[PDB]
Structures are given as C-alpha cells and as structure tokens.
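Lettering of chains follows the sequences in order, A, B, ..., and the numbering in each one begins at 1.
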Amino acid sequence: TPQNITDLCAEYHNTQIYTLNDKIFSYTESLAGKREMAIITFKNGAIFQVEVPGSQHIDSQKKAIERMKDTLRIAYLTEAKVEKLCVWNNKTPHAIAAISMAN
Amino acid sequence: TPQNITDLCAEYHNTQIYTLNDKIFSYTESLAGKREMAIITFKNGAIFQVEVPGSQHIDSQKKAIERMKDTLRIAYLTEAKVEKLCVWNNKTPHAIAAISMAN
Amino acid sequence: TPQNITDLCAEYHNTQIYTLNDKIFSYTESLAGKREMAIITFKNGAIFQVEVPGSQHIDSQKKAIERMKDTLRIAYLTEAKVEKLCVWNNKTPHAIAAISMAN
Amino acid sequence: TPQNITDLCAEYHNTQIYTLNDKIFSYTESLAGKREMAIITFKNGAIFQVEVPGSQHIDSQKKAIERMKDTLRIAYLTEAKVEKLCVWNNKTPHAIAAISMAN
Amino acid sequence: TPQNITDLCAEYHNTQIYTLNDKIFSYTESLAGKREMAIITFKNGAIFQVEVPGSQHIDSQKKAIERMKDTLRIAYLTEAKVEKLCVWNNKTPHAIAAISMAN
Ligand SMILES: CC(=O)N[C@H]1[C@@H](O[C@H]2[C@@H](O)[C@@H](CO)O[C@@H](O[C@H]3[C@H](O[C@@H]4O[C@@H](C)[C@@H](O)[C@@H](O)[C@@H]4O)[C@@H](O)[C@@H](O)O[C@@H]3CO)[C@@H]2O[C@@H]2O[C@@H](C)[C@@H](O)[C@@H](O)[C@@H]2O)O[C@H](CO)[C@H](O)[C@@H]1O
Ligand SMILES: CC(=O)N[C@H]1[C@@H](O[C@H]2[C@@H](O)[C@@H](CO)O[C@@H](O[C@H]3[C@H](O[C@@H]4O[C@@H](C)[C@@H](O)[C@@H](O)[C@@H]4O)[C@@H](O)[C@@H](O)O[C@@H]3CO)[C@@H]2O[C@@H]2O[C@@H](C)[C@@H](O)[C@@H](O)[C@@H]2O)O[C@H](CO)[C@H](O)[C@@H]1O
Ligand SMILES: CC(=O)N[C@H]1[C@@H](O[C@H]2[C@@H](O)[C@@H](CO)O[C@@H](O[C@H]3[C@H](O[C@@H]4O[C@@H](C)[C@@H](O)[C@@H](O)[C@@H]4O)[C@@H](O)[C@H](O)O[C@@H]3CO)[C@@H]2O[C@@H]2O[C@@H](C)[C@@H](O)[C@@H](O)[C@@H]2O)O[C@H](CO)[C@H](O)[C@@H]1O
Ligand SMILES: C[C@@H]1O[C@@H](O)[C@@H](O)[C@H](O)[C@@H]1O
Ligand SMILES: [Ca+2]
Ligand SMILES: [Ca+2]
Ligand SMILES: [Ca+2]
Ligand SMILES: [Ca+2]
Ligand SMILES: [Ca+2]
Ligand SMILES: [Ca+2]
Ligand SMILES: [Ca+2]
Ligand SMILES: [Ca+2]
Ligand SMILES: [Ca+2]
Ligand SMILES: [Ca+2]
C-alpha cells in the first residue's frame with residue numbers, strides 16, 4: 001500500500017501529479033444525463049474533471065467517485081489549499097484520481 | 001467531454017445559460033408527495049427548480065439530482081457566489097441542469 | 001409546478017403556512033423504535049415535527065424526509081433564518097411539508 | 001406523537017433523561033468489527049454510546065442510528081450545546097435514544 | 001461494551017493506540033481502482049490509512065469505513081484536535097480502527 005499521493009499515482013500508467021498549492025478557483029457540477037460530473041479549475045488555468053461513472057470504472061470506485069465530488073465541493077467552499085492532484089492525462093479535461101490537502 | 005458549464009450546456013437541446021454572479025437569495029425545499037423538490041431564487045427575481053425525479057431522468061441522474069440539492073443548500077448557507085446556471089427553459093420554473101460557482 | 005412555498009402548500013389538503021422569520025430555537029431527534037423523527041421549536045412557542053416515515057408516505061418521499069431532517073439540523077447549527085413553513089395541520093405537532101429560508 | 005424529548009423518552013421502558021446543558025467534551029468512533037459504534041463524553045464525566053446496530057433494533061432504526069452518529073459528530077465539531085439526552089439505562093455505557101440541542 | 005477508545009483497542013489483536021493530541025497535518029483521498037482509500041499524516045511524521053475495503057472487513061464494517069473517511073475529512077477541514085487513534089500495526093501505513101477527538 002502506498003503512503004503518499006505521489007507513490008500512489010506512480011502505480012498507474014497515464015497519471016501525473018500536478019502540484020497546485022492553491023485553493024480551487026471554481027467548482028462546476030452537472031446532473032444532465034450522461035454528464036453527471038464535476039469540473040474544477042485553478043487560477044493558473046488548470047482544469048480537471050471527476051469523470052462520469054462508466055465502464056472504465058470498477059464497482060469499488062463508484063462510492064469513491066461520489067466521495068471525491070463531495071470533497072471537492074467542501075474544499076471549494078472552505079477555500080482549502082489543494083497540495084497535489086493525481087490525474088489521468090489520457091482524458092480531456094484531465095481526470096482526478098487522487099487529491100492531497102495540507103495547510 | 002466539455003471543459004466548462006457553457007460548453008456542457010450546449011450539448012443539450014432546450015437548455016440555456018443564465019449568468020447570475022450572485023449569492024442565492026432564498027432556498028426552499030419540499031418533502032410533500034409528488035413535490036419532492038427544491039426551489040432557489042435570486043435578488044434579480046430569477047427562480048429555478050431542481051425537478052421532482054421522474055421519467056425524464058435516467059438512473060444515473062438520480063444521485064446527481066440529490067447531490068444538486070445538497071450543493072444548493074450549502075451554497076445558500078455559505079453565501080457562495082453562483083456564476084452560471086445551465087437550465088432547461090421548457091419547465092416553469094426553469095430546471096437546473098448544472099451550476100458553476102466562482103468569484 | 002409551483003414557484004414558491006405558499007403555492008406548493010396550497011396544492012395539498014390540511015396544510016397551512018407559518019411565517020417565522022426566525023432561527024430555529026431547538027432541534028431534537030430520536031432513533032427510538034417507532035419514533036424515528038425530528039422535532040423543532042421556535043422562540044415564539046411553535047413546535048413542529050418531521051414525521052416518522054410511514055404508510056402515509058409514498059416511496060418518493062422517503063429520501064425527502066431524510067433530507068428535510070438534514071436541512072433542519074444544519075439550519076439550526078448555522079442559525080439560519082426560517083422564512084416560512086408549510087405544515088400539515090391534521091397532525092400533532094404540526095408536521096413539516098416544506099420550508100423556506102431567506103436572509 | 002410526543003412534542004418534546006422528555007415526553008418521547010417517557011414512552012419507553014429503561015430510559016431516563018440526562019440534562020447536560022453543555023457541549024460534547026470528546027467524540028470517539030470505531031470501524032472495528034462488532035464495535036462499529038460511537039462514544040461521547042461530557043466534561044462532568046458522563047459517557048454515552050450510540051449502539052452497534054443489532055437485532056435489538058428494527059429496520060426503521062437503522063437509518064436513524066446512522067443519522068445520530070452524524071448529528072453527534074457535527075455537534076462536537078461546532079461545539080453545540082446539548083440540552084438533554086434520552087438514554088437506555090440497561091446498557092453500559094448508557095445508550096442514546098434521542099438528543100435535544102438548544103442555546 | 002467498552003467506554004473509551006483505549007479499552008476498545010485492547011479488544012483486538014495487532015492493535016495499538018497512538019496518542020497524537022494534534023490536528024491532521026494532511027489529508028489524501030483516492031478513487032483509483034484498487035486504491036479507494038484515505039491517508040492522513042501528522043506533523044510528527046505519523047502516516048495512517050483507512051484501508052481499501054476487502055475480505056478482512058465484515059459487512060457491518062462497510063458503512064463505518066465510509067463514515068471514518070467522512071470524519072477524517074471534516075476533522076481535517078475544522079483543524080480538530082485528534083486525541084488518539086487505535087490502529088492495526090500489521091499494515092503499512094498503520095490502518096485506522098478508531099479515532100477519538102477532544103480539545
Ligand atoms: C504540470 C505537469 O505536471 N505536467 C505537464 C503537462 O501539463 C499540461 C497538459 O495537462 C495539457 C494537456 O492539454 O494541458 C495543460 O494545461 C492547459 C490547460 O488545460 C486544462 O488543464 C489541464 C491540467 C488538463 O486538464 C487539460 O485537459 C485542460 O484542458 C488550459 O485550461 C489552459 O490553462 O492552458 C494550459 C496550458 O497552458 C497543462 O499545462 C500545465 O498546467 C497549466 C495549467 C499551466 O500551469 C502550464 O504551465 C502547465 O505546463 O503537459 C505540459 C505540456 O506542455 C507540460 O509538459 C507540463 O509539465
Ligand atoms: C507504542 C507507539 O505508539 N509507537 C511505537 C512504534 O511506532 C513506530 C512504528 O509504528 C513504525 C512503523 O512500524 O513507524 C514509526 O513511524 C515512522 C513513520 O511511519 C509511518 O507512521 C507510523 C505510525 C506507521 O503507520 C508507519 O506504517 C508509517 O510509515 C514514518 O512516516 C516516518 O515519519 O518515520 C517514523 C519513525 O520511524 C513509529 O514511530 C513512532 O511514531 C513516529 C511518528 C515518531 O513519533 C517516532 O519517534 C515514534 O517512535 O515503534 C517505535 C519503535 O519502532 C516505538 O516503539 C514507538 O513507541
Ligand atoms: C438567459 C436568457 O435567455 N434570458 C432571456 C429570458 O429570460 C426570461 C425568461 O427566462 C422568462 C421565461 O419565463 O422568465 C423571466 O424571468 C421572470 C421571473 O421568472 C422566473 O425566473 C426565470 C429565470 C425562469 O426560471 C422562470 O420560469 C421563473 O418563473 C419571474 O419570477 C420574475 O418575477 O419576473 C422575471 C421577469 O422580470 C426571464 O427574465 C430574465 O431573467 C430575469 C431573472 C431578469 O434578469 C430579466 O431581466 C431577464 O429578461 O427571456 C427574456 C425575455 O424578455 C430575455 O430574452 C432574456 O434574454
Ligand atoms: C451516565 C453514565 O455515564 C457513565 O458513568 C457510564 O459508565 C454509565 O454507564 C452511564 O452511561
Ligand atoms: Ca477568501
Ligand atoms: Ca470566498
Ligand atoms: Ca488551515
Ligand atoms: Ca451576509
Ligand atoms: Ca447566535
Ligand atoms: Ca446570512
Ligand atoms: Ca471553543
Ligand atoms: Ca448559537
Ligand atoms: Ca489554523
Ligand atoms: Ca474547539
């Protein structure tokens with residue numbers, strides 16, 4: 001089991017770490033059919049999504065996807081500093097696999 | 001996959017973007033049978049609903065509807081600025097499909 | 001579809017409106033068997049319940065009943081001003097059907 | 001249907017009301033197998049549990065037990081004054097049936 | 001039934017109490033397949049996980065595992081003092097069984 005976000009992300013092909021050290025600049029969420037997703041941006045221009053749940057996901061991931069959207073919303077509203085995001089770079093916008101927060 | 005609320009909105013027939021750049025003025029919620037819904041308003045007079053779940057909604061939208069009501073409630077209680085809403089303008093009040101929050 | 005709490009409330013028999021314009025004074029909840037409910041009070045002495053879920057409630061209402069109790073708890077904790085309640089007056093205490101909040 | 005915690009409590013055998021009028025001093029929760037429970041303490045040394053779900057609870061209590069643990073966590077974190085707890089006194093620690101908050 | 005975290009922890013093999021008396025330094029959450037987990041850190045260098053759910057967990061633990069991740073997130077965002085953690089020390093990072101907060 002990895003002990004940090006960087007090591008976790010390195011377990012996956014098609015992932016990279018973005019180091020933001022910044023609060024989330026905007027938060028977007030959609031309930032439209034086939035676009036049940038969230039999109040966040042940062043002041044530097046980065047745009048990331050939480051993917052629409054789908055065939056690329058195993059059943060163990062469905063609760064986690066819902067948790068990640070909960071996390072991003074509350075981070076946005078508390079202005080919480082996002083340290084790193086582990087993201088899939090084989091999707092546009094890049095898709096969030098993991099997030100770390102620190103003061 | 002779209003990169004913002006505007007492009008997302010444009011993927012659907014009968015939707016429109018409203019730009020509010022304002023906090024939610026009022027939040028209303030009902031548990032009454034056949035009226036399990038939320039209604040928000042803005043200072044400018046805009047009134048928007050999250051629809052009662054029914055046959056216009058595919059199963060994947062169900063969770064997303066419940067999430068949208070959570071988001072609108074907490075956005076209200078935190079006085080969070082709403083940037084844009086993507087809505088179905090074929091319903092009265094207009095029905096929320098997506099929301100973006102930013103300053 | 002109604003556009004406000006008053007018009008919603010009018011769609012049902014045995015309901016009335018209270019206009020509190022005040023924060024919730026007290027919040028109570030219970031997990032005891034057959035009494036899985038919440039009760040709220042206002043400074044003016046009004047007492048209201050979210051009913052125990054039951055045969056009088058259609059399946060679509062079950063999720064809404066849970067949400068209502070979530071809303072009341074967070075409204076209480078943030079000292080959010082309640083504008084109006086729509087309640088059923090054929091129950092004792094009067095039972096909440098819908099709520100509106102505005103600053 | 002009762003109108004307050006004291007009357008609700010009096011509808012059950014092996015219950016009593018504690019009147020704390022204080023915030024929760026400590027919050028403990030466990031995910032360990034067979035001890036999926038929460039424990040609260042008050043500064044006066046009183047200790048209470050939310051029981052591990054079990055055959056002593058009817059299905060309708062299952063959601064309400066989960067709500068109670070949510071309520072105690074957020075009360076702890078917001079330093080909300082707990083007015084009274086109704087508890088079953090044939091358990092050790094005494095088991096929470098209901099809570100009121102006021103202040 | 002135990003009355004505190006130290007006694008609860010002692011009912012299990014391969015556990016120990018860590019006494020932190022400090023807020024969470026970092027919170028990390030992942031939705032990546034087979035790594036649906038959370039990791040927290042403390043200023044002192046301690047790293048702990050909430051395990052990916054697996055065959056080492058019974059059905060009654062599933063909801064509590066989701067609850068714990070909810071608790072850690074909100075503890076982190078509130079800068080809540082964590083008193084103790086009961087952890088499995090035959091996992092790396094050590095795996096959270098129970099948490100107590102007090103300040
Ligand atoms: C920083 C890092 O870890 N790795 C690389 C990487 O980063 C760029 C790559 O993700 C491309 C993919 O198109 O997007 C660039 O950002 C765009 C923004 O694109 C949006 O945000 C990213 C993160 C993706 O989700 C993408 O799908 C989104 O559309 C766009 O919104 C606008 O801001 O323009 C920038 C490019 O200027 C990534 O660039 C990196 O992040 C941006 C925000 C900015 O900080 C750049 O300075 C930074 O490089 O690939 C690039 C390729 O040049 C480099 O190798 C990075 O080192
Ligand atoms: C009785 C008691 O509470 N602790 C013992 C115990 O503690 C050390 C032990 O848990 C080892 C792992 O076997 O880890 C040491 O911490 C590492 C950090 O490791 C991470 O956090 C711990 C808690 C585990 O989850 C581990 O899997 C994680 O990797 C590591 O991140 C880095 O910071 O280095 C430290 C020190 O090696 C535990 O050490 C204790 O806790 C740390 C935070 C610090 O306070 C240490 O000074 C302290 O000893 O075992 C040691 C003997 O190894 C002592 O008996 C403790 O009393
Ligand atoms: C973005 C866009 O295309 N806007 C055009 C649109 O806006 C009006 C329509 O959306 C109509 C359709 O009913 O409602 C108008 O607003 C009413 C308001 O309606 C409630 O809120 C709107 C957003 C809808 O969800 C309705 O279903 C709701 O009932 C009433 O509650 C209010 O009392 O009165 C206003 C009219 O003043 C929309 O008005 C626009 O948005 C409002 C909030 C104001 O900003 C107003 O100035 C705008 O015009 O249709 C108009 C036609 O005049 C324009 O073409 C807009 O571009
Ligand atoms: C109110 C009391 O508080 C503590 O002393 C517990 O050990 C008792 O069992 C009871 O819960
Ligand atoms: Ca700010
Ligand atoms: Ca702000
Ligand atoms: Ca901080
Ligand atoms: Ca204000
Ligand atoms: Ca006050
Ligand atoms: Ca306000
Ligand atoms: Ca204080
Ligand atoms: Ca207060
Ligand atoms: Ca601080
Ligand atoms: Ca405090």
Q: Need one label for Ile99(E): side chain, backbone, both or neither, based on atoms under 4.5 Å from any heavy atom in chain D.
A: both
Q: Please find the pair of heavy atoms, one from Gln61(E) and one from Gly33(D), that lie closest to each other, and give the distance.
A: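 The answer is NE2-N, 3.3 Å.
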Q: Quick one: what part of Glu83(E) sits under 4.5 Å from any heavy atom of chain D, side chain, backbone, both or neither?
A: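 Looking at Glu83(E), nothing touches chain D.
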Q: Tell me the closest heavy-atom pair linking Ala64(E) and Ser30(D), and the distance in Å.
A: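 Between these two residues, the closest heavy atoms are CB-O, 4.0 Å.
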Q: With a 4.5 Å cut-off on heavy-atom pairs, point out which of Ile5(E), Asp70(E), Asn4(E) contacts chain D the most.
A: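 Ranked by contacts with chain D, first place is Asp70(E).
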Q: Given the options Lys63(E), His57(E), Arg67(E), which has more heavy-atom pairs under 4.5 Å with chain D than any of the others?
A: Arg67(E)
Q: Quick one: salt bridge (charged side-chain N to carboxylate O under 4.0 Å, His left out) partners of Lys91(E), sequence neighbours excluded?
A: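 Listed in chain order: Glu51(E).
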Q: Given a strict heavy-atom distance threshold of 4.5 Å, which part of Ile65(E) is in contact with chain D: side chain, backbone, both, or neither?
A: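 Contact with chain D involves both backbone and side-chain atoms of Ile65(E).
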Q: Tell me the closest heavy-atom pair linking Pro2(E) and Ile39(D), and the distance in Å.
A: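 In this case the closest contact between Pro2(E) and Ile39(D) is O-CD1, 3.9 Å.
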Q: Locate the shortest heavy-atom distance separating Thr92(D) from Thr1(E); write the atom from each residue and the value.
A: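 It is O-CB, 3.4 Å.
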Q: Name the region of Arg73(D), side chain, backbone, both or neither, that has any atom closer than 4.5 Å to a heavy atom of chain E.
A: side chain
Q: Which bit of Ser60(E) is near chain D, if near means a heavy-atom gap under 4.5 Å: side chain, backbone, both or neither?
A: both
Q: With a 3.5 Å cut-off and no angle check, do the side chains of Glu29(D) and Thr71(E) form a donor-acceptor pair?
A: yes
Q: Identify the two heavy atoms, one from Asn103(E) and one from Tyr76(D), that lie closest to each other, and give their separation to 0.1 Å.
A: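 Here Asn103(E) and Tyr76(D) meet closest at N-OH, 3.6 Å.
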Q: Check this for me: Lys43(E), atom NZ, are more than 12 non-hydrogen atoms of other residues, nucleotides or ligands nearer than 6.0 Å?
A: no
